Structure formats: C-alpha cells, structure tokens
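Next comes start-v4.cif, with mmCIF, N, CA, C and O atoms; unseen atoms left out.
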data_final
loop_
_atom_site.label_atom_id
_atom_site.label_comp_id
_atom_site.auth_asym_id
_atom_site.auth_seq_id
_atom_site.Cartn_x
_atom_site.Cartn_y
_atom_site.Cartn_z
N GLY A 1 39.10 -35.56 -35.29
CA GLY A 1 39.91 -36.38 -36.20
C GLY A 1 41.01 -37.09 -35.43
O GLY A 1 41.07 -36.96 -34.21
N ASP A 2 41.88 -37.83 -36.13
CA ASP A 2 42.96 -38.64 -35.59
C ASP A 2 42.45 -39.85 -34.83
O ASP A 2 41.57 -39.76 -33.98
N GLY A 3 42.95 -41.01 -35.22
CA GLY A 3 42.78 -42.23 -34.46
C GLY A 3 43.25 -42.08 -33.02
O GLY A 3 44.17 -41.31 -32.73
N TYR A 4 42.66 -42.90 -32.15
CA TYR A 4 43.07 -43.10 -30.78
C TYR A 4 42.18 -44.16 -30.16
O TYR A 4 41.07 -44.40 -30.64
N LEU A 5 42.65 -44.75 -29.07
CA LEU A 5 41.88 -45.67 -28.25
C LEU A 5 42.06 -45.26 -26.79
O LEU A 5 42.55 -46.03 -25.97
N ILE A 6 41.66 -44.03 -26.46
CA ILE A 6 41.72 -43.48 -25.11
C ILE A 6 40.39 -43.68 -24.39
O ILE A 6 39.42 -44.18 -24.98
N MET A 7 40.35 -43.31 -23.11
CA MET A 7 39.16 -43.26 -22.32
C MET A 7 39.19 -42.00 -21.47
O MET A 7 40.23 -41.34 -21.36
N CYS A 8 38.06 -41.66 -20.88
CA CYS A 8 37.75 -40.33 -20.41
C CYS A 8 36.87 -40.38 -19.18
O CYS A 8 36.23 -41.38 -18.86
N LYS A 9 36.87 -39.24 -18.50
CA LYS A 9 36.12 -39.00 -17.29
C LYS A 9 34.70 -38.55 -17.63
O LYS A 9 33.77 -38.77 -16.87
N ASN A 10 34.56 -37.88 -18.77
CA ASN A 10 33.30 -37.40 -19.30
C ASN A 10 33.16 -37.94 -20.72
O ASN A 10 33.94 -38.79 -21.14
N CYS A 11 32.23 -37.39 -21.49
CA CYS A 11 32.00 -37.83 -22.87
C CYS A 11 32.78 -37.01 -23.90
O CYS A 11 32.69 -37.25 -25.11
N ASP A 12 33.60 -36.07 -23.44
CA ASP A 12 34.17 -35.00 -24.25
C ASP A 12 35.64 -34.71 -23.90
O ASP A 12 35.90 -34.05 -22.89
N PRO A 13 36.61 -35.12 -24.74
CA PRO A 13 38.00 -34.78 -24.52
C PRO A 13 38.24 -33.27 -24.49
O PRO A 13 39.28 -32.84 -23.98
N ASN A 14 37.36 -32.45 -25.05
CA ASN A 14 37.54 -31.00 -24.98
C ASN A 14 37.46 -30.55 -23.53
O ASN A 14 38.28 -29.75 -23.08
N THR A 15 36.48 -31.06 -22.79
CA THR A 15 36.22 -30.61 -21.42
C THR A 15 36.49 -31.67 -20.35
O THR A 15 36.22 -31.44 -19.17
N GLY A 16 37.16 -32.77 -20.70
CA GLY A 16 37.52 -33.84 -19.79
C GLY A 16 38.94 -34.32 -20.07
O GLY A 16 39.31 -34.55 -21.22
N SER A 17 39.73 -34.47 -19.01
CA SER A 17 41.06 -35.04 -19.10
C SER A 17 40.95 -36.53 -19.37
O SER A 17 40.80 -37.34 -18.46
N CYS A 18 41.01 -36.90 -20.64
CA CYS A 18 41.10 -38.28 -21.07
C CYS A 18 42.53 -38.74 -20.86
O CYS A 18 43.43 -37.90 -20.98
N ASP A 19 42.77 -40.01 -20.55
CA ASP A 19 44.13 -40.50 -20.47
C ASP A 19 44.53 -41.02 -21.85
O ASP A 19 43.77 -41.73 -22.50
N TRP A 20 45.69 -40.55 -22.30
CA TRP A 20 46.37 -40.86 -23.54
C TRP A 20 47.63 -41.63 -23.16
O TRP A 20 48.75 -41.17 -23.41
N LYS A 21 47.46 -42.78 -22.50
CA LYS A 21 48.51 -43.77 -22.34
C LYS A 21 48.31 -44.74 -23.50
O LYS A 21 47.27 -44.72 -24.16
N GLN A 22 49.28 -45.61 -23.80
CA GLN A 22 48.98 -46.70 -24.70
C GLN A 22 48.12 -47.69 -23.93
O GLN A 22 48.35 -47.96 -22.75
N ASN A 23 47.18 -48.28 -24.66
CA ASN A 23 46.13 -49.15 -24.16
C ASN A 23 46.07 -50.44 -24.99
O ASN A 23 45.45 -51.43 -24.61
N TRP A 24 46.73 -50.43 -26.15
CA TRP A 24 46.65 -51.51 -27.11
C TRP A 24 47.56 -52.62 -26.59
O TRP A 24 48.78 -52.46 -26.55
N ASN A 25 46.97 -53.75 -26.19
CA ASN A 25 47.70 -54.95 -25.79
C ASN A 25 48.53 -54.71 -24.54
O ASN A 25 49.68 -55.12 -24.45
N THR A 26 47.95 -54.04 -23.55
CA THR A 26 48.58 -53.76 -22.27
C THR A 26 47.53 -53.86 -21.16
O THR A 26 46.38 -53.49 -21.36
N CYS A 27 47.94 -54.41 -20.02
CA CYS A 27 47.16 -54.59 -18.80
C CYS A 27 47.11 -53.26 -18.04
O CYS A 27 47.88 -53.07 -17.10
N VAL A 28 46.28 -52.31 -18.47
CA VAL A 28 46.25 -50.97 -17.88
C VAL A 28 45.20 -50.94 -16.78
O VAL A 28 44.06 -51.33 -17.03
N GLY A 29 45.55 -50.50 -15.57
CA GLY A 29 44.64 -50.26 -14.47
C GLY A 29 44.07 -48.85 -14.52
O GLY A 29 44.79 -47.90 -14.82
N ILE A 30 42.78 -48.70 -14.22
CA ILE A 30 41.99 -47.46 -14.31
C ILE A 30 41.16 -47.31 -13.04
O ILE A 30 41.01 -48.26 -12.27
N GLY A 31 40.62 -46.12 -12.82
CA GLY A 31 39.55 -45.83 -11.89
C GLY A 31 39.49 -44.32 -11.71
O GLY A 31 40.15 -43.58 -12.44
N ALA A 32 38.70 -43.86 -10.75
CA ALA A 32 38.60 -42.49 -10.29
C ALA A 32 38.01 -41.54 -11.31
O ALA A 32 38.71 -40.79 -11.97
N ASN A 33 36.68 -41.57 -11.39
CA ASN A 33 35.83 -40.73 -12.24
C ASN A 33 35.96 -41.13 -13.70
O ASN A 33 35.38 -40.46 -14.55
N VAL A 34 36.71 -42.19 -14.00
CA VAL A 34 36.87 -42.64 -15.38
C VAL A 34 35.76 -43.63 -15.68
O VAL A 34 35.72 -44.72 -15.10
N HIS A 35 34.82 -43.25 -16.56
CA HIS A 35 33.75 -44.15 -16.98
C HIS A 35 33.32 -43.95 -18.42
O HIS A 35 32.18 -44.27 -18.74
N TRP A 36 34.18 -43.44 -19.31
CA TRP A 36 33.78 -43.31 -20.72
C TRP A 36 34.90 -43.73 -21.65
O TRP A 36 35.92 -43.07 -21.73
N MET A 37 34.73 -44.80 -22.42
CA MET A 37 35.66 -45.12 -23.48
C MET A 37 35.23 -44.31 -24.69
O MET A 37 34.14 -44.52 -25.22
N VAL A 38 36.06 -43.36 -25.10
CA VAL A 38 35.75 -42.41 -26.17
C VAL A 38 36.77 -42.63 -27.27
O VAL A 38 37.90 -42.15 -27.19
N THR A 39 36.38 -43.41 -28.27
CA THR A 39 37.30 -44.08 -29.18
C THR A 39 37.33 -43.36 -30.52
O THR A 39 36.29 -42.87 -30.97
N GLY A 40 38.50 -43.24 -31.15
CA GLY A 40 38.70 -42.39 -32.31
C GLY A 40 38.48 -43.14 -33.61
O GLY A 40 38.09 -44.31 -33.61
N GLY A 41 38.77 -42.47 -34.72
CA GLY A 41 38.53 -42.97 -36.07
C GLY A 41 39.77 -43.63 -36.64
O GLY A 41 40.06 -43.53 -37.83
N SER A 42 40.50 -44.29 -35.76
CA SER A 42 41.67 -45.10 -35.96
C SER A 42 41.68 -45.79 -37.31
O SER A 42 42.54 -45.56 -38.16
N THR A 43 40.68 -46.63 -37.50
CA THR A 43 40.46 -47.41 -38.69
C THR A 43 38.98 -47.20 -39.02
O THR A 43 38.26 -48.16 -39.27
N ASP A 44 38.56 -45.93 -38.95
CA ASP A 44 37.20 -45.43 -39.11
C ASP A 44 36.29 -46.40 -39.85
O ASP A 44 36.42 -46.59 -41.06
N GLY A 45 35.42 -47.04 -39.07
CA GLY A 45 34.56 -48.13 -39.46
C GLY A 45 34.77 -49.22 -38.42
O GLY A 45 33.85 -49.65 -37.73
N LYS A 46 36.03 -49.61 -38.27
CA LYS A 46 36.46 -50.70 -37.41
C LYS A 46 36.39 -50.24 -35.96
O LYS A 46 37.20 -49.42 -35.53
N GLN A 47 35.39 -50.76 -35.25
CA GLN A 47 35.17 -50.56 -33.83
C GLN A 47 36.44 -50.75 -33.01
O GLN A 47 37.35 -51.46 -33.43
N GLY A 48 36.46 -50.17 -31.82
CA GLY A 48 37.46 -50.48 -30.81
C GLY A 48 36.76 -51.27 -29.73
O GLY A 48 35.65 -50.92 -29.30
N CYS A 49 37.38 -52.36 -29.28
CA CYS A 49 36.83 -53.21 -28.25
C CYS A 49 37.91 -53.50 -27.25
O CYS A 49 39.09 -53.48 -27.60
N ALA A 50 37.52 -53.82 -26.02
CA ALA A 50 38.45 -54.17 -24.96
C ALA A 50 37.88 -55.27 -24.08
O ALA A 50 36.67 -55.36 -23.88
N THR A 51 38.77 -56.10 -23.52
CA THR A 51 38.44 -56.88 -22.35
C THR A 51 38.69 -55.96 -21.16
O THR A 51 39.76 -55.37 -21.06
N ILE A 52 37.70 -55.79 -20.29
CA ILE A 52 37.71 -54.84 -19.19
C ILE A 52 37.54 -55.66 -17.91
O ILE A 52 36.63 -56.49 -17.86
N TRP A 53 38.40 -55.48 -16.91
CA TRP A 53 38.47 -56.28 -15.69
C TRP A 53 38.06 -55.50 -14.45
O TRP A 53 38.24 -54.29 -14.34
N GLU A 54 37.58 -56.28 -13.47
CA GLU A 54 37.24 -55.88 -12.12
C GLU A 54 38.48 -55.49 -11.33
O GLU A 54 38.47 -54.50 -10.60
N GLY A 55 39.54 -56.29 -11.42
CA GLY A 55 40.72 -56.09 -10.60
C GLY A 55 41.57 -54.93 -11.11
O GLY A 55 41.51 -54.60 -12.29
N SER A 56 42.39 -54.35 -10.23
CA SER A 56 43.50 -53.49 -10.58
C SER A 56 44.64 -54.40 -11.05
O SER A 56 45.04 -55.30 -10.31
N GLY A 57 45.12 -54.21 -12.26
CA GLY A 57 46.12 -55.04 -12.88
C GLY A 57 45.50 -56.30 -13.48
O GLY A 57 46.07 -57.38 -13.40
N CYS A 58 44.34 -56.14 -14.13
CA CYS A 58 43.69 -57.11 -15.00
C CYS A 58 43.66 -58.52 -14.42
O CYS A 58 44.09 -59.50 -15.03
N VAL A 59 43.07 -58.62 -13.23
CA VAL A 59 42.63 -59.85 -12.59
C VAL A 59 41.15 -59.67 -12.27
O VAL A 59 40.59 -58.60 -12.50
N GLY A 60 40.49 -60.70 -11.75
CA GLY A 60 39.11 -60.61 -11.31
C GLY A 60 38.17 -60.96 -12.45
O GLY A 60 38.57 -61.60 -13.42
N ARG A 61 36.91 -60.55 -12.33
CA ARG A 61 35.90 -60.77 -13.35
C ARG A 61 36.20 -59.84 -14.50
O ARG A 61 36.94 -58.88 -14.32
N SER A 62 35.66 -60.14 -15.68
CA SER A 62 35.80 -59.22 -16.77
C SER A 62 34.57 -59.21 -17.66
O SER A 62 33.75 -60.14 -17.62
N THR A 63 34.41 -58.15 -18.44
CA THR A 63 33.54 -58.09 -19.59
C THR A 63 34.44 -58.03 -20.82
O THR A 63 35.61 -57.65 -20.70
N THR A 64 33.92 -58.39 -21.99
CA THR A 64 34.49 -58.01 -23.26
C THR A 64 33.49 -57.01 -23.85
O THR A 64 32.35 -57.40 -24.08
N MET A 65 33.89 -55.74 -23.94
CA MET A 65 33.00 -54.65 -24.30
C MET A 65 33.49 -53.95 -25.58
O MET A 65 34.62 -53.45 -25.61
N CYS A 66 32.65 -53.89 -26.61
CA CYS A 66 32.94 -53.26 -27.90
C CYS A 66 32.21 -51.94 -28.07
O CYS A 66 31.11 -51.78 -27.55
N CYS A 67 32.76 -51.01 -28.86
CA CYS A 67 32.07 -49.79 -29.27
C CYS A 67 32.57 -49.29 -30.63
O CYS A 67 33.77 -49.43 -30.89
N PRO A 68 31.72 -48.73 -31.51
CA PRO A 68 32.16 -48.25 -32.81
C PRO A 68 33.14 -47.07 -32.71
O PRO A 68 33.42 -46.56 -31.63
N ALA A 69 33.69 -46.70 -33.87
CA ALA A 69 34.77 -45.72 -33.99
C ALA A 69 34.21 -44.30 -34.07
O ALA A 69 33.27 -44.06 -34.83
N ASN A 70 34.81 -43.34 -33.35
CA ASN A 70 34.22 -42.03 -33.08
C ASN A 70 32.87 -42.24 -32.42
O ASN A 70 31.82 -41.90 -32.96
N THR A 71 32.91 -42.82 -31.22
CA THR A 71 31.75 -43.05 -30.39
C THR A 71 32.19 -42.87 -28.94
O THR A 71 33.19 -43.46 -28.51
N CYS A 72 31.49 -42.02 -28.20
CA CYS A 72 31.64 -41.83 -26.76
C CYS A 72 30.75 -42.83 -26.04
O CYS A 72 29.54 -42.86 -26.26
N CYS A 73 31.35 -43.69 -25.21
CA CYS A 73 30.72 -44.91 -24.75
C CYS A 73 30.84 -45.01 -23.24
O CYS A 73 31.93 -45.26 -22.72
N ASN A 74 29.75 -44.77 -22.51
CA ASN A 74 29.74 -44.80 -21.05
C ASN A 74 29.95 -46.22 -20.54
O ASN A 74 29.06 -47.05 -20.69
N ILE A 75 31.08 -46.49 -19.89
CA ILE A 75 31.33 -47.74 -19.19
C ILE A 75 30.51 -47.74 -17.90
O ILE A 75 30.83 -47.05 -16.93
N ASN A 76 29.46 -48.56 -17.87
CA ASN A 76 28.80 -48.98 -16.65
C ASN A 76 28.53 -50.47 -16.80
O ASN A 76 28.05 -50.88 -17.85
N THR A 77 28.88 -51.31 -15.83
CA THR A 77 28.81 -52.76 -15.97
C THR A 77 28.00 -53.37 -14.82
O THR A 77 27.37 -52.64 -14.06
N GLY A 78 28.01 -54.69 -14.68
CA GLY A 78 27.44 -55.36 -13.53
C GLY A 78 28.46 -55.51 -12.40
O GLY A 78 28.24 -56.30 -11.48
N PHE A 79 29.60 -54.84 -12.49
CA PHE A 79 30.63 -54.82 -11.48
C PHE A 79 31.30 -53.47 -11.47
O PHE A 79 30.97 -52.60 -12.29
N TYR A 80 32.20 -53.26 -10.52
CA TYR A 80 33.13 -52.17 -10.65
C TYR A 80 34.16 -52.56 -11.71
O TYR A 80 34.46 -53.75 -11.84
N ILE A 81 34.68 -51.60 -12.46
CA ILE A 81 35.70 -51.80 -13.46
C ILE A 81 36.95 -51.08 -12.98
O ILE A 81 36.87 -50.00 -12.40
N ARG A 82 38.11 -51.68 -13.23
CA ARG A 82 39.41 -51.08 -12.96
C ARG A 82 40.28 -51.30 -14.16
O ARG A 82 40.66 -50.32 -14.79
N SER A 83 40.66 -52.52 -14.50
CA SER A 83 41.64 -52.63 -15.58
C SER A 83 40.99 -52.83 -16.93
O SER A 83 39.79 -53.08 -17.01
N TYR A 84 41.80 -52.80 -17.97
CA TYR A 84 41.41 -53.27 -19.28
C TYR A 84 42.65 -53.66 -20.06
O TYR A 84 43.78 -53.35 -19.66
N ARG A 85 42.42 -54.33 -21.18
CA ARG A 85 43.39 -54.52 -22.23
C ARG A 85 42.59 -54.63 -23.53
O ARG A 85 41.54 -55.27 -23.55
N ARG A 86 43.03 -53.97 -24.60
CA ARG A 86 42.22 -53.89 -25.79
C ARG A 86 42.08 -55.25 -26.49
O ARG A 86 42.87 -56.17 -26.23
N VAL A 87 41.15 -55.37 -27.43
CA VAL A 87 41.07 -56.53 -28.30
C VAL A 87 40.73 -56.18 -29.75
O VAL A 87 41.32 -56.82 -30.63
N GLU A 88 39.94 -55.13 -29.99
CA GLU A 88 39.45 -54.73 -31.31
C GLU A 88 38.25 -55.61 -31.67
#

File written out as structure tokens:
Amino acid sequence: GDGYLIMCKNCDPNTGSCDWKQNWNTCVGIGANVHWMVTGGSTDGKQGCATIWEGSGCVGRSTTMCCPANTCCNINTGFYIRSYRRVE
C-alpha cells in the first residue's frame, strides 16, 4: 500500500534497498545495480512515467518510459541509463 514513485535494485522493496528520494520533477542521477522502477498506488490506476536519461544529471540521450501503478518494472534500454525526471 501507500503511493510512491521510487526505484529499486531488485523487484522487491522488502528485499532490496529502493531509493526513497523525491523523484517528481527533479533531475535525479542514478546507477549502481539500480534497474527497477517499482511504482506505488499513488493514484492507483494512473501510471507513473519518467523521462530517463543516459547522462548523470539528465543530459545525453533519453527514453520516455511509462509503467502502471503497483508494477515492478525492469529498466533495460538501448543505452545505459543514469538520470531521470518524472512525467506521469
């Protein structure tokens, strides 16, 4: 339960240290075993989506990647990923 827009090292916040920084409308840099956006029931129905960047500090190439609410979503792209900023 509880809304959130965190991401994780595994598919499971129970057994993986997910980062609980704010992510909504911020240029957050990521890496190091982090490859799962595991998104909560924030607005249960309303997916969480992000623009996700190649660069550290949201420069470089990007994807815009969406996933539904209460869904564990493995980030693998056609590039390395480092930053993101949400979009919904």

Within 7 Å of segment 24-35 of chain A, which residues of segment 48-73 of chain A show up? Give each one with its shortest atom-to-atom distance in Å (one decimal) and the two atoms involved, counting only C-alpha atoms, rows by chain then rising residue number, as JSON lines.
{"residue": "A:56", "atom": "CA", "partner": "A:29", "partner_atom": "CA", "distance": 5.2}
{"residue": "A:57", "atom": "CA", "partner": "A:29", "partner_atom": "CA", "distance": 5.3}
{"residue": "A:58", "atom": "CA", "partner": "A:27", "partner_atom": "CA", "distance": 5.7}

Separation of atom N of residue 17 of chain A from atom CA of residue 54 of chain A in Å:
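Between atom CA of residue 54 of chain A and atom N of residue 17 of chain A the gap works out to 22.6 Å.
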
Which one of A:7, A:52, A:65, A:18 sits closest to residue 36 of chain A if you count only N, CA, C and O atoms?
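Nearest candidate to residue 36 of chain A out of A:7, A:52, A:65, A:18: A:7.
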
Interatomic distance, atom N of residue 63 of chain A to atom CA of residue 14 of chain A (Å, one decimal)
28.1 Å

Neighbour list for residue 79 of chain A as a list in words, cut-off 8 Å, only N, CA, C and O atoms, skip fewer than 3 positions in-chain:
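So, after excluding close chain neighbours, the residues are residues 53, 54, 75, 76 and 82 of chain A.
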
Separation of atom C of residue 39 of chain A from atom C of residue 55 of chain A in Å:
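Atom-to-atom, atom C of residue 55 of chain A to atom C of residue 39 of chain A, that is 23.0 Å.
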
Using only N, CA, C and O atoms for the distances, tell me which of A:6, A:49, A:73, A:11 is nearest to residue 86 of chain A.
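Looking only at the distances to residue 86 of chain A, the closest residue turns out to be A:49.
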
At a cut-off of 4.5 Å, using only N, CA, C and O atoms, what residues contact residue 41 of chain A? Leave out same-chain residues fewer than 5 positions from it and give the result as a PyMOL selection string.
chain A and resi 2-3+70

Between A:50, A:37, A:67, A:87, which residue has the minimum interatomic distance to residue 10 of chain A, considering only C-alpha atoms?
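Going through A:50, A:37, A:67, A:87 one by one, the smallest distance to residue 10 of chain A is for A:37.
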
Distance criterion (all atoms listed in the file): nearest to residue 48 of chain A out of A:88, A:77, A:20, A:1:
A:88

Which of segment 1-70 of chain A fall in strand (DSSP E or B), as a PyMOL selection string:
chain A and resi 5-8+19+28-29+36-39+48-53+62-67

Would you save the residues of that selection, restricted to N, CA, C and O atoms, as a PDB file, in the coordinates of the input?
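Okay, selection.pdb is ready:
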ATOM      1  N   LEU A   5      42.650 -44.750 -29.070  1.00  0.00           N
ATOM      2  CA  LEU A   5      41.880 -45.670 -28.250  1.00  0.00           C
ATOM      3  C   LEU A   5      42.060 -45.260 -26.790  1.00  0.00           C
ATOM      4  O   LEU A   5      42.550 -46.030 -25.970  1.00  0.00           O
ATOM      5  N   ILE A   6      41.660 -44.030 -26.460  1.00  0.00           N
ATOM      6  CA  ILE A   6      41.720 -43.480 -25.110  1.00  0.00           C
ATOM      7  C   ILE A   6      40.390 -43.680 -24.390  1.00  0.00           C
ATOM      8  O   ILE A   6      39.420 -44.180 -24.980  1.00  0.00           O
ATOM      9  N   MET A   7      40.350 -43.310 -23.110  1.00  0.00           N
ATOM     10  CA  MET A   7      39.160 -43.260 -22.320  1.00  0.00           C
ATOM     11  C   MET A   7      39.190 -42.000 -21.470  1.00  0.00           C
ATOM     12  O   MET A   7      40.230 -41.340 -21.360  1.00  0.00           O
ATOM     13  N   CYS A   8      38.060 -41.660 -20.880  1.00  0.00           N
ATOM     14  CA  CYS A   8      37.750 -40.330 -20.410  1.00  0.00           C
ATOM     15  C   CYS A   8      36.870 -40.380 -19.180  1.00  0.00           C
ATOM     16  O   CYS A   8      36.230 -41.380 -18.860  1.00  0.00           O
ATOM     17  N   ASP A  19      42.770 -40.010 -20.550  1.00  0.00           N
ATOM     18  CA  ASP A  19      44.130 -40.500 -20.470  1.00  0.00           C
ATOM     19  C   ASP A  19      44.530 -41.020 -21.850  1.00  0.00           C
ATOM     20  O   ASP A  19      43.770 -41.730 -22.500  1.00  0.00           O
ATOM     21  N   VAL A  28      46.280 -52.310 -18.470  1.00  0.00           N
ATOM     22  CA  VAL A  28      46.250 -50.970 -17.880  1.00  0.00           C
ATOM     23  C   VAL A  28      45.200 -50.940 -16.780  1.00  0.00           C
ATOM     24  O   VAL A  28      44.060 -51.330 -17.030  1.00  0.00           O
ATOM     25  N   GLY A  29      45.550 -50.500 -15.570  1.00  0.00           N
ATOM     26  CA  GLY A  29      44.640 -50.260 -14.470  1.00  0.00           C
ATOM     27  C   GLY A  29      44.070 -48.850 -14.520  1.00  0.00           C
ATOM     28  O   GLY A  29      44.790 -47.900 -14.820  1.00  0.00           O
ATOM     29  N   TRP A  36      34.180 -43.440 -19.310  1.00  0.00           N
ATOM     30  CA  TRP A  36      33.780 -43.310 -20.720  1.00  0.00           C
ATOM     31  C   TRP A  36      34.900 -43.730 -21.650  1.00  0.00           C
ATOM     32  O   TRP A  36      35.920 -43.070 -21.730  1.00  0.00           O
ATOM     33  N   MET A  37      34.730 -44.800 -22.420  1.00  0.00           N
ATOM     34  CA  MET A  37      35.660 -45.120 -23.480  1.00  0.00           C
ATOM     35  C   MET A  37      35.230 -44.310 -24.690  1.00  0.00           C
ATOM     36  O   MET A  37      34.140 -44.520 -25.220  1.00  0.00           O
ATOM     37  N   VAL A  38      36.060 -43.360 -25.100  1.00  0.00           N
ATOM     38  CA  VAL A  38      35.750 -42.410 -26.170  1.00  0.00           C
ATOM     39  C   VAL A  38      36.770 -42.630 -27.270  1.00  0.00           C
ATOM     40  O   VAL A  38      37.900 -42.150 -27.190  1.00  0.00           O
ATOM     41  N   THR A  39      36.380 -43.410 -28.270  1.00  0.00           N
ATOM     42  CA  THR A  39      37.300 -44.080 -29.180  1.00  0.00           C
ATOM     43  C   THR A  39      37.330 -43.360 -30.520  1.00  0.00           C
ATOM     44  O   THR A  39      36.290 -42.870 -30.970  1.00  0.00           O
ATOM     45  N   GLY A  48      36.460 -50.170 -31.820  1.00  0.00           N
ATOM     46  CA  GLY A  48      37.460 -50.480 -30.810  1.00  0.00           C
ATOM     47  C   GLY A  48      36.760 -51.270 -29.730  1.00  0.00           C
ATOM     48  O   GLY A  48      35.650 -50.920 -29.300  1.00  0.00           O
ATOM     49  N   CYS A  49      37.380 -52.360 -29.280  1.00  0.00           N
ATOM     50  CA  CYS A  49      36.830 -53.210 -28.250  1.00  0.00           C
ATOM     51  C   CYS A  49      37.910 -53.500 -27.250  1.00  0.00           C
ATOM     52  O   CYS A  49      39.090 -53.480 -27.600  1.00  0.00           O
ATOM     53  N   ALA A  50      37.520 -53.820 -26.020  1.00  0.00           N
ATOM     54  CA  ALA A  50      38.450 -54.170 -24.960  1.00  0.00           C
ATOM     55  C   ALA A  50      37.880 -55.270 -24.080  1.00  0.00           C
ATOM     56  O   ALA A  50      36.670 -55.360 -23.880  1.00  0.00           O
ATOM     57  N   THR A  51      38.770 -56.100 -23.520  1.00  0.00           N
ATOM     58  CA  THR A  51      38.440 -56.880 -22.350  1.00  0.00           C
ATOM     59  C   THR A  51      38.690 -55.960 -21.160  1.00  0.00           C
ATOM     60  O   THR A  51      39.760 -55.370 -21.060  1.00  0.00           O
ATOM     61  N   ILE A  52      37.700 -55.790 -20.290  1.00  0.00           N
ATOM     62  CA  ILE A  52      37.710 -54.840 -19.190  1.00  0.00           C
ATOM     63  C   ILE A  52      37.540 -55.660 -17.910  1.00  0.00           C
ATOM     64  O   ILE A  52      36.630 -56.490 -17.860  1.00  0.00           O
ATOM     65  N   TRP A  53      38.400 -55.480 -16.910  1.00  0.00           N
ATOM     66  CA  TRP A  53      38.470 -56.280 -15.690  1.00  0.00           C
ATOM     67  C   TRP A  53      38.060 -55.500 -14.450  1.00  0.00           C
ATOM     68  O   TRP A  53      38.240 -54.290 -14.340  1.00  0.00           O
ATOM     69  N   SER A  62      35.660 -60.140 -15.680  1.00  0.00           N
ATOM     70  CA  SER A  62      35.800 -59.220 -16.770  1.00  0.00           C
ATOM     71  C   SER A  62      34.570 -59.210 -17.660  1.00  0.00           C
ATOM     72  O   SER A  62      33.750 -60.140 -17.620  1.00  0.00           O
ATOM     73  N   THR A  63      34.410 -58.150 -18.440  1.00  0.00           N
ATOM     74  CA  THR A  63      33.540 -58.090 -19.590  1.00  0.00           C
ATOM     75  C   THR A  63      34.440 -58.030 -20.820  1.00  0.00           C
ATOM     76  O   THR A  63      35.610 -57.650 -20.700  1.00  0.00           O
ATOM     77  N   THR A  64      33.920 -58.390 -21.990  1.00  0.00           N
ATOM     78  CA  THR A  64      34.490 -58.010 -23.260  1.00  0.00           C
ATOM     79  C   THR A  64      33.490 -57.010 -23.850  1.00  0.00           C
ATOM     80  O   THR A  64      32.350 -57.400 -24.080  1.00  0.00           O
ATOM     81  N   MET A  65      33.890 -55.740 -23.940  1.00  0.00           N
ATOM     82  CA  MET A  65      33.000 -54.650 -24.300  1.00  0.00           C
ATOM     83  C   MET A  65      33.490 -53.950 -25.580  1.00  0.00           C
ATOM     84  O   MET A  65      34.620 -53.450 -25.610  1.00  0.00           O
ATOM     85  N   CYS A  66      32.650 -53.890 -26.610  1.00  0.00           N
ATOM     86  CA  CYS A  66      32.940 -53.260 -27.900  1.00  0.00           C
ATOM     87  C   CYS A  66      32.210 -51.940 -28.070  1.00  0.00           C
ATOM     88  O   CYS A  66      31.110 -51.780 -27.550  1.00  0.00           O
ATOM     89  N   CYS A  67      32.760 -51.010 -28.860  1.00  0.00           N
ATOM     90  CA  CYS A  67      32.070 -49.790 -29.270  1.00  0.00           C
ATOM     91  C   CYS A  67      32.570 -49.290 -30.630  1.00  0.00           C
ATOM     92  O   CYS A  67      33.770 -49.430 -30.890  1.00  0.00           O
TER      93      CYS A  67
END

Quick one: of A:60, A:45, A:40, A:16, who's nearest to residue 72 of chain A, counting all atoms listed in the file?
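Nearest candidate to residue 72 of chain A out of A:60, A:45, A:40, A:16: A:40.
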